[PDB]
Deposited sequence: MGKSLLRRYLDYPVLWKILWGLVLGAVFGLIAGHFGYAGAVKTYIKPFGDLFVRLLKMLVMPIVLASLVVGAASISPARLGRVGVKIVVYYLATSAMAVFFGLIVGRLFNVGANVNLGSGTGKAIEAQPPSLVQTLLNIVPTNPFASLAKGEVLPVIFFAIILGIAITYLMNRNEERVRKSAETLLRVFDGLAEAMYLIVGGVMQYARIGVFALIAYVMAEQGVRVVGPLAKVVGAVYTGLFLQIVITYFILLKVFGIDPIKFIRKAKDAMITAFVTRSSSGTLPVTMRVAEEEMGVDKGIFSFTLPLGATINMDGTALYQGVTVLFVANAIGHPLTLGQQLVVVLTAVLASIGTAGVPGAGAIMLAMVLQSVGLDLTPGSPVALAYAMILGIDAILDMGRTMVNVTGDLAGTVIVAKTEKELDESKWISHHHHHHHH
């Protein structure tokens, strides 16, 4: 566990530097090695998505793809709704807040791109997913054609994407060799920057939020995994490279390459499931963001002395799940969509309003909460993949046996 050692050592180094006022030295000396690690992984996000979906979709019939697609969507929505429920529980238990819209139809239509090459250039995950899935379905239909020229043309096209997919998986393994320094550098800069703001009432928010994410892993991804027969301890131990990487990169879409490599080289999941459930889940399944939004909504409301009612806590659950899909896999994306959650309950943010000062207080520790959010936003993607794969008999039983 050398990678995990860097996270603990870097946090101590960041706290020591932050307490001694050495944040400036770390920002211009250590961080540049953390930024290189983020850029290396963010580079492989697009090639590993276009290649994996085409090979993954072409390896299974469209009938099984529909069953797998519907199955994971129910899990994604149920876990996201459960995550918001946990957020209200931990927020009320800790009593946070003591002192002191995009079109839904247009968002669905945006799944279908107007230019597949522009979506790759613009770094859009969902439009690429739609184009690559139907490309894989079209490829596997051409391989069943009676003509020999069409069959060989489709095989050559798939081999290019198959060779591209294996190339990216190989590069990720090389990149993670540098992760022992990238993880150490990333956590050191974040700890040094925000090692002081967590002093008073903001500390209760961090404690309440992090308690919810910890409970979410061991009550939602430990009970459901045991129901379907997957060992929870093995799942957490195997998926520690993506959990640590998401805990430093703070971008679920950013830590997509390593999540794909871990899900297939450590869990034995077929390419027809993990290649589809991971990128789609990286854009629509973020339980940590939903749980964080639940706590902060109560924190903002309790700061201005207008706590949510029992009925008001139910409408905010639906919006939090709805806003969860809206958030992208980029750092600091949960605070932007948190405004829509606050406006849903009626707490509009006005330039000098009290609800616009509690919002600024959250943004002070937004990065320290972004770390916990991304840690579980990819764990749910992995946990759902094993659950769906177990029901589809695509799990490799040898990989889960000591």
Where does the structure fail to cover the deposited sequence at the C-alpha level?
1-15, 116-128, 431-438
